[PDB]
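I have placed the structure first, in the form of structure tokens, so that the comments after it can refer back to it.
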Amino acid sequence: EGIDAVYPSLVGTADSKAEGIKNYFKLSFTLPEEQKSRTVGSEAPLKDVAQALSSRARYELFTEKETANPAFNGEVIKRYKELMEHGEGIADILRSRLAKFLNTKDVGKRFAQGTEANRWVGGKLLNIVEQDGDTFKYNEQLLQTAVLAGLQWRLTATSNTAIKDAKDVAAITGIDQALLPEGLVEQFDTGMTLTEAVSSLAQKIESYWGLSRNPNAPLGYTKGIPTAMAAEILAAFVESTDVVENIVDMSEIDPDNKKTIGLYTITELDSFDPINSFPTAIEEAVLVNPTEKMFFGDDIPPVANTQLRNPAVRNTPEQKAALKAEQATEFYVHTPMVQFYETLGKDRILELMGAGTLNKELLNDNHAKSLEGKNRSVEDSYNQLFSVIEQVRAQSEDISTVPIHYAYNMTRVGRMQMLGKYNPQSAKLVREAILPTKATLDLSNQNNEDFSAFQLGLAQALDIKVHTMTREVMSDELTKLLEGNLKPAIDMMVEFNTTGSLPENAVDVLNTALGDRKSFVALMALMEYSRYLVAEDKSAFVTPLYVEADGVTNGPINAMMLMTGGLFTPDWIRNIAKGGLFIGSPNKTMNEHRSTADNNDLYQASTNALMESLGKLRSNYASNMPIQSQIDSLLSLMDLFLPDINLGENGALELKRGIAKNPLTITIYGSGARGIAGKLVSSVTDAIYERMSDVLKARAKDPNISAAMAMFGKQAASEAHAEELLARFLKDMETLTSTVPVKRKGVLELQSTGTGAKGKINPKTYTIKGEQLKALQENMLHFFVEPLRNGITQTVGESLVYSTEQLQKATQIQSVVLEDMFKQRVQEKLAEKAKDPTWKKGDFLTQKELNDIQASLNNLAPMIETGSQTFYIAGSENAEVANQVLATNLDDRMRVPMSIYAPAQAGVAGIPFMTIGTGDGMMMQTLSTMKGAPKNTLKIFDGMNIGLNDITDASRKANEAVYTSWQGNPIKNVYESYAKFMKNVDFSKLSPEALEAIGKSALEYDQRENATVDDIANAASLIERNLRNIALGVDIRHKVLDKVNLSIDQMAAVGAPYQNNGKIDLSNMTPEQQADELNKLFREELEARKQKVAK
């Protein structure tokens, strides 16, 4: 009688075992104990809410608050009057589409005779209708409340959707990640798919309805009825031209693919629309506890209870404390930076920091696609920032004294991420306008310690390697720039502060002065320095300039410290010193190491090893003439378009440290050899497309120019030199696309493909794809990637790559078993429902039944616990388990598949989870909750912005947090979960498909052709004892390193190292001598543990 008294006019009885028509709306939802929405019980929600928005006094009375938001002024009130009238016309469209549905094929006539038309996949909206004469009609309270949710969704959906990477697009389309076309990713994130639009809209509808789900009701109605309403509202928005629908066909690019995907984009409002200063008036008027809002002053966001998009995992108490500290920081608006942005204008901002205007008649088709994506990011960030400024400006007359708070949540890899799309932590344009840092300095004397901090901040913003030089040397470098190239730019900024105007050629002045140092952070350095020059009182200068403590190769260094076992080697000691770990050198900073000891970082070290491997490969095939020519063509092509590859006049090959940046970072991230090859080739094709645009530009200026000079005009001193380069380009492309190398029996053989490149090119629409693209990747994989991966292994160590292999095998095997049991357990439950008369196919399972299936998997240890963090590698949301349609609209379109939260195969995702989660993720968690933690800082991943008044103390604390995170044992945590899984697993109950996947990870190629169940089980237990041996070695190494004196300078910006107060002196020793001393303590620790066990 609870919900049966609020909606007594609904069609059908509320009994699950009735005879006629049953109402599944009242059987699936229940009234809450305390109210959550103010529209429950009303008769005209679209009229009561519109009345409350007509005045400030009425808004306060309806909301029951002392005062309303100051931004809710008269201009905003007028704009909401038109929006409410627009929402009344949306309801008229919905009411007219229902009458057509009941008229075609006599649906209404049959439904009134007893036919269960409300249980259809498209008739699920018949559970919220009422009888009216001989026909049916909507329920006014339920219909008008859903319209209000659509209006709020239309205003803020874009600024809340997630960002799709290349991996996500590949899964949706089905095309291989390494063969994704040009601009496909940039097209996908512009709009949203059907599933994303409907699911997000349906979430708001349920919230506004203010009801609670029934745990014993089928998932086909608790999730289908809200979804069926969302699809109808989205269809109405398309008819009203509020949402534009675009259809992309995969058969155009891949004829073998028959998938069709629709994309929906919301039409955006004007940048001067007064509604942009307060777009959450409807949300705060309906919900008792609004979710979308901006926090001012003492308004502190609440702490989330579960991980991001991982509802099965809850934040640990240690993780919740870190979130609370990060949400207490106050942000402030820098007025001089804001006025500079609006004076320059959006057009000049795009011209300076973007691609500017585009003339598509002189651009390549593929080149123009990338330029538009660059412009979109800058333009969207500019619009988002100035909408916030409008809201802040209404709170007080002084915009610089309004504190701002931001919400945080935990990423599945243990990373604190700001909520929203464009915020200081994500957008660089917004980062320079809203700052949490402040300082007061005495700059009346140039020899003060305060002036040295001021110079350090300016130098780092102007692209100067401050962590590789001493303070005195850095000061000399900055002085030359200030009085040299940057002088014209400073003069313009000085006039701007006093007057407030800019010249018509301001873009050209900044472009010439900055050059290769152009960035958003470099603009603030010019303004801050110019403001200091005109300050009347330099002894109390207040500035928001900061210094960023950036880690030196944070990724690779963490891996070699956390997942390395065995005895110490001199090579490890030398290579780990480049990361900031010094043994036997008290109070040694990174600036001293680079200046005197070693000036090569990890990126340069791997480049040198790559040259060594490349020379050995050529010498192996010295007698093979066809193989030698193929290697020459690959290097020749990369020399023409990549600045990191250079060939001398004598044929000597020279490489730069910039060729191993990306490969080294993604190698630690578990990416395979094919992934590196695909990215390397993509860099070459981008340069080729850009060179085609120069051909079109040169032809327009001079139609009589030659083809060679139109291409390599600026890369050749004479015309004859230009003709030489053109011949090289044509020959290399034909050679690299005609034959490919095939690795058989351990040797490489050239095999023809028959799909070589022929004909005359067209600069406007030149494209490389199909079999031509695959031929290029085959040559790159076997001739350049293989030598590259050998050099990387030599630097990081052979033991580190051994730990990654066992970790990948252990996680993949566990995920395969979990996925098979989940699918095998929901099919047995469905077979039981077939004997239930009150059950129909399409209702799926129940939330109570789904929770029992997941609880039965607890004896296999699906989650990894480290004591302060939790990880769930196999968790995902997929529609494979349900394999059925959830709901459609009244036109039998917009079919939405049903997706549930079920485990899935891991693959190579195990390595990134533990390298990042226990690496920089744990370091930043400690830094926010440690004793005497730094205050007023912005914590970007592997970085931290610090004010000029606390650079020394905060840098020392950052190095202390790094040392704490190096005492962990990620392998031991994985071993403990894997040992429990092996105790309870039963391989004899696995499907034949599952047994084939496990054999691909535990056995060799020859051993898995006819392997039995016993062979697979025996091979899986071997991995268990491999993890135990690795984990024991890591534990001993950390114990030994804690007994000696160490200096930690991983955050090398300032030069404030941290000492571990060890009591063993290893100074005045070579790395060869230190390894022997460390190995002596390693053998003593092993003996004690074995002796203790014996006792």
Side-chain angles (χ1 to χ4, degrees), residues 334 336-358 367 370-382 385 422 424 426-435 455-468 474 477-497 502-531 543-548 550 643-644 656 658 661 683 686-687 690 693-694 714 940 943 945 1053:
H334 190 41
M337 257 298 101
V338 168
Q339 297 180 325
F340 184 66
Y341 282 160
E342 70 191 6
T343 303
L344 209 57
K346 190 176 58 58
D347 284 346
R348 292 201 267 186
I349 280 279
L350 284 186
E351 173 182 5
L352 178 74
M353 311 277 330
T357 207
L358 298 191
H367 189 205
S370 81
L371 292 187
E372 289 158 13
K374 179 176 178 184
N375 263 356
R376 192 189 58 86
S377 311
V378 182
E379 176 168 37
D380 284 352
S381 203
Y382 181 92
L385 161 74
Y422 301 117
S426 173
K428 282 164 175 178
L429 188 138
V430 190
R431 179 134 77 219
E432 314 301 325
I434 310 172
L435 285 317
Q455 292 197 304
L456 178 70
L458 299 166
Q460 202 199 22
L462 300 167
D463 213 4
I464 286 171
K465 310 303 183 269
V466 284
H467 71 275
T468 88
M474 164 270 294
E477 285 210 28
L478 184 67
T479 298
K480 313 286 182 291
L481 279 187
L482 290 184
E483 307 170 0
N485 285 309
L486 297 194
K487 191 171 215 329
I490 293 163
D491 281 358
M492 192 190 54
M493 290 288 219
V494 159
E495 189 84 11
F496 174 70
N497 295 318
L502 287 170
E504 302 91 320
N505 61 289
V507 178
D508 314 354
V509 158
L510 302 164
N511 247 321
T512 310
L514 290 174
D516 265 338
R517 316 157 174 284
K518 197 170 55 175
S519 66
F520 275 118
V521 73
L523 289 185
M524 173 141 81
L526 300 178
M527 167 99 57
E528 288 305 284
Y529 181 74
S530 47
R531 271 179 59 227
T543 167
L545 199 83
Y546 61 84
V547 178
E548 164 177 10
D550 202 14
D644 309 295
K656 287 177 176 56
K661 268 189 51 68
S683 292
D686 287 4
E690 179 171 352
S693 300
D694 302 3
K714 33 215 56 176
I940 326 161
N945 303 342

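Along the sequence shown, residues carry numbers from 1. Values below: every heavy atom of this structure, side chains too, minus hydrogens, waters and symmetry copies.
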Indicate the atoms forming the closest heavy-atom contact of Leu458 with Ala525, along with that distance.
-> CD2-O, 3.6 Å
Is there side-chain contact between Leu502 and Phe496, with heavy atoms separated by less than 4.5 Å?
-> yes
Just by modelled atom types, is the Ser519 backbone N or O under 3.5 Å from a matching donor or acceptor in the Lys428 side chain?
-> no
Distance-only, no hydrogens or angles: does the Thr343 side chain make a donor-acceptor pair with backbone N or O of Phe340 under 3.5 Å?
-> no
Side chains of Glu477 and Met474: closer than 4.5 Å at any heavy-atom pair?
-> no
Would you say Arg517 and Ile464 make side-chain contact, with heavy atoms under 4.5 Å?
-> yes
Just by modelled atom types, is the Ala355 backbone N or O under 3.5 Å from a matching donor or acceptor in the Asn375 side chain?
-> yes
Reported CG-to-OG distance for the pair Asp644 and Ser683, which is rounded to 0.5 angstrom | 9.0 Å
Grab the two heavy atoms, one from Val509 and one from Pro488, that are nearest each other, plus how far apart they are.
-> CG1-O, 4.1 Å
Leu486 vs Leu462 side-chain heavy atoms within contact, under 4.5 Å = yes
Verify, without hydrogens or angle tests, whether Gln460 (side chain) and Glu548 (backbone) share a donor-acceptor contact under 3.5 angstrom.
-> yes
Minimum side-chain heavy-atom gap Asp516-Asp463 below 4.5 Å | no
In this structure, CG of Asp550 is separated from CD1 of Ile940 (nearest 0.5 Å) by 9.0 Å
Separation between CG of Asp380 and OH of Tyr422, rounded to the nearest 0.5 Å | 4.0 Å
What's the shortest heavy-atom distance between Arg348 and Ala506, and which atoms?
-> NH1-CB, 4.0 Å
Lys/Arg-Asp/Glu bridge criterion (N-O < 4.0 Å) met for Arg376, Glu379 = no
If you measure from CD on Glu483 to CG on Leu478, what distance do you get to the nearest 0.5 Å?
-> 9.5 Å
Taking side chain as C-beta onward, heavy atoms only, is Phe520 less than 4.5 Å from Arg431?
-> no
Distance-minimising heavy-atom pair for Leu429 and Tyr382 | CD2-CA, 4.1 Å
Side chains of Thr357 and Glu351 in contact at under 4.5 Å (non-hydrogen atoms) = no
Nearest atoms (heavy-atom pairs only) where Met527 meets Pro336 | CE-O, 3.6 Å
Can you see which heavy atom on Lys518 is nearest to which on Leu352, and at what distance?
-> NZ-O, 2.9 Å
Could you check if a side-chain atom of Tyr546 sits within less than 4.5 angstrom of a side-chain atom of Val521, using non-hydrogen atoms only?
-> yes
Separation between NE2 of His467 and NZ of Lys465, rounded to the nearest 0.5 Å | 8.0 Å
Between the main-chain N or O of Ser377 and the side-chain N or O of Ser381, is there a donor-acceptor pair closer than 3.5 Å?
-> no
Taking it one step at a time, do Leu510 and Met492 satisfy side chain to side chain contact (heavy atoms under 4.5 Å, CB included)?
-> CA-CA 9 Å; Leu510 302 164; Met492 192 190 54; 3.7 Å; yes
Can you tell me how far CG of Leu545 sits from CD of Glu528, rounded to the nearest 0.5 angstrom?
-> 6.0 Å
Taking everything shown except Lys480 itself, do over 12 heavy atoms lie less than 6.0 Å from its NZ?
-> yes
